[PDB]
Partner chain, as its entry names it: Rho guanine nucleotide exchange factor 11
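For reference, the chain that follows is the form deposited without the partner chain, supplied as structure tokens.
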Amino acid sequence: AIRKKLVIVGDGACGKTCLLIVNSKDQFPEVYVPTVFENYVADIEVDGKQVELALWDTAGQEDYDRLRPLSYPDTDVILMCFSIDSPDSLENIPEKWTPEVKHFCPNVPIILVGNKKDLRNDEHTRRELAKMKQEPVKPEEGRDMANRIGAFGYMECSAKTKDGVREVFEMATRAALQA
């Protein structure tokens, strides 16, 4: 099989680890979620090509901020994430994540991923955002951001319901294979 490396980045609590867990174990972690990952090589077949895709999870706060640059060498594809229930997390895409990834991973394809799509029509989420005069991120807003940052594409998923998860990783593998 062809060996490729994926790195996932984005604001704390935007659903990175749960996304990796759901693709790998086919089960949303209902109780315990480790800070990261670590060490899962996905077997993915796309367009008649068997790929081993190493999943490198990352985190924030002092220690994991310090360590995060060590994830970047020899990356073939980046999943850059925000949460659909967090306009703040989308704002950090151009402010923080894009400059960081462009510095360490020039020319590496980026898939921009909107996580927690299940929260888009969630009553509690709507109500909490409405008191801020905010609303969940719209798909067109995600797409606009992907265009702006020069991403390979924009995708949405819910780790919680599993919807769109398989497709995120299939598209990431296609990006890792090219060029």
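Numbering follows the first chain given and starts at 1. The term rigid core refers to the maximal set of C-alpha atoms that superpose within 1.5 Å between the two forms.
- Comparing 141-149 with 115-123, the higher mean C-alpha B-factor in the PDB entry belongs to 141-149.
- Comparing 160-168 with 13-21, the stretch with the higher mean C-alpha B-factor in the PDB entry is 160-168.
- Remark: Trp97 belongs to the lowest third of its chain, ranked by C-alpha B-factor as recorded.
- Among the modelled residues of its chain, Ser83 has a C-alpha B-factor that falls in the lowest third according to the deposited record.
- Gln134 sits in the middle third of its chain by CA B factor, as recorded in the PDB entry.
- Ranked within its chain, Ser89 lands in the lowest third, by CA B factor from the PDB record.
- Placement of the Cα temperature factor of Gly48 within the chain: highest third of the modelled residues, per the deposited record.
Although it is not shown, the form solved in complex with the partner chain is what the next lines describe.
- Among the residues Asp122, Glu141, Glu52, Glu135, the one placing a heavy atom within 4.5 Å of the partner chain in the deposited bound form is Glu52.
- Of the heavy atoms in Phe37, some are within 4.5 Å of the partner chain in the deposited bound form.
- For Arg127, no non-hydrogen atom is located within 4.5 Å of the partner chain in the deposited bound form, even though that partner is not displayed.
- Under a 4.5 angstroms non-hydrogen atom cutoff, the partner chain in the deposited bound form lacks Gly153 among its neighbouring residues.
- Among the candidates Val46, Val36, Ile149, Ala54, the CA atom that moves 2 angstroms or more between the shown form and the other one after core superposition belongs to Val36 alone.
- Comparing the forms between the shown form and the other one on their rigid core, the Cα displacement of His124 stays under 2 Å.
- The rigid-core alignment places the CA of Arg66 2 Å or more apart between the shown form and the other one.
- Panel note: the distance between the CA atoms of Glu62 and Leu53 is smaller in the deposited bound form than in this form, the difference being 3 Å or more.
- Relative to this form, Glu100 and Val36 separate from one another in the deposited bound form, with their C-alpha atoms ending up at least 3 Å farther apart.
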